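Single chain ahead, written as C-alpha cells, the form deposited in one PDB entry.
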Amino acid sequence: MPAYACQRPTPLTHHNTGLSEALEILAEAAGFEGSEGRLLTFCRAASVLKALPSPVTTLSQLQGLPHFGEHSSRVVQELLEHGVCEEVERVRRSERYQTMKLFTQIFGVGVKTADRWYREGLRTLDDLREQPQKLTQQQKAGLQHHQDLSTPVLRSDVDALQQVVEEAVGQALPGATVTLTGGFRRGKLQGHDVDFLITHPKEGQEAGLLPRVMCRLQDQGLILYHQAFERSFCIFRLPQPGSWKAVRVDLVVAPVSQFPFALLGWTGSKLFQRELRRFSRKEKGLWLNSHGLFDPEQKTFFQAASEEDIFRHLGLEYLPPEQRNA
C-alpha cells in the first residue's frame, strides 16, 4: 500500500465503510479545532481503508499500512471489538461538534466564523436568523436556502442543469463547451452541488466569458444568488414537479491550454488533489495547481493535452475519475 492517495486506486464504494466513516468523524472534529495535521492523518488513514481489497477483520491487518499508528489503530480496534469507538461517539454527541458541523455546513460560513459564533453562545440556525446584522449577503443567502441546500442533488438533476448552462454558454460564446466535473464525474450518484468546467477550443476566446454567462442565466431567472472573474459559486433555481428547489452550482472557466489541469483539479476528490499536489512537490520537485505544472529549476511549464499526460509527467499510473475517490 503506497503512502500517497494518488498512488493507488480508490473506488467510490468499498469494503471498510464503517471504519472509514469513524476516522472521518475524528478528522472533521480536528478541523473544527484548527488541527490541520491531525485532520490530514485521519483523512489519510480513512482513505487507506477505502483502497483495501477486502474488509479489515483483525488488528494485525493494519500492520504495515501507512498512516496507521497508535491512535487510528486503537479506533479500529474498538470498532472491531465492540462495534463502536467511545472517542468517536463522544465527538458525535458533543455540543461543539454538532454546532460546528451545523454552522460550517452553511454556504458562506467557515470554521473561523462558526467558531466565533460558537464562542458567542450561538447554537441554532434560528439563533443566526435572529441577529441578521451579523451576516454577510452570502451568509444570508446560505441561511435562506439552507433547507434546500441540505437536500442531496441527484444525478437525475444534473442533466437538466447542464442543458440550461450549455444554452447560456452557447449564446455567450458559440463553440464554448461545458464539462461536468466534481463528484459526479467520479461516479457519485448524489452531491452537495454541481460543478462545471467551461472552455473554448480557440485559446483566448474564453477571456471574459463568465460574466457573459452569468448575465444570461440571471436574465432567464435561474440565479437565486451569485457574487471580471473565472469562478462563480451560485445558487440556481432548479425546476421540480409543480415547483422548484435551490441548488448550488459552481462554474469555472479555463483556457483550453489549461483545461487538463483544471479538469484534474476540479474532478477531485479534495483529498486526492491535496495528495497529488503534495506528491508532485515533495517526490518530484514540481509545483501543481489547476492552471499548470511548473518545474522551478528550469522555470518551465509542462504542456498537457490530457489528464493522462499529467499522470505520466508525474510518474504515476493513470487513474480514471472513478478511482480518485480518496
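Residues that one form lacks are left out of the comparison. Take the two forms, find the largest set of C-alpha atoms that superpose within 1.5 Å, and that set is the rigid core. Start at 1 with the first residue shown and count on from there.
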I want to verify a possible break: how many residues of the deposited sequence sit between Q227 and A228 without any coordinates (none, 1 to 3, 4 to 9, 10 or more)? 10 or more
Averaged over C-alpha atoms, is the B-factor higher for 179-187 or for 120-128 in this PDB entry? 120-128
Of 58-66 vs 279-287, the stretch with the larger average CA B-factor in the entry is 58-66
Whose CA atom has the top B-factor in the entry, of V252, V213, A160, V194? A160
Please pick out which of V256, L209, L135, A246 has the largest Cα B-factor as recorded in the entry. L135
Select lowest, middle or highest to describe the third in which the CA B-factor of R274 falls within its chain in this entry. lowest
Would the CA B-factor of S94 place it in the lowest, middle or highest third of its chain? highest
What third of its chain, lowest, middle or highest, does the C-alpha temperature factor of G34 fall into? highest
Once the chain's modelled residues are ordered by C-alpha B factor and cut into thirds, is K202 in the lowest, middle or highest one? middle
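The same protein also exists as the form deposited in another entry; that form is not shown, yet it is the one meant from here on.
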Answer among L180, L209, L125, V91 for the CA shift between the shown form and the other one that reaches 2 Å or more, rigid core superposed: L209
After a core superposition, would you say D219 shifts its C-alpha by at least 2 Å between the shown form and the other one? yes
My question is whether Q171 is one of the residues whose C-alpha shifts by 2 Å or more between the shown form and the other one, given a fit on the rigid core. yes
Only counting residues present in both forms, give the runs of 3 or more in a row whose C-alpha shift is 2 Å or more between the shown form and the other one, core aligned. 170-174, 207-221, 296-298
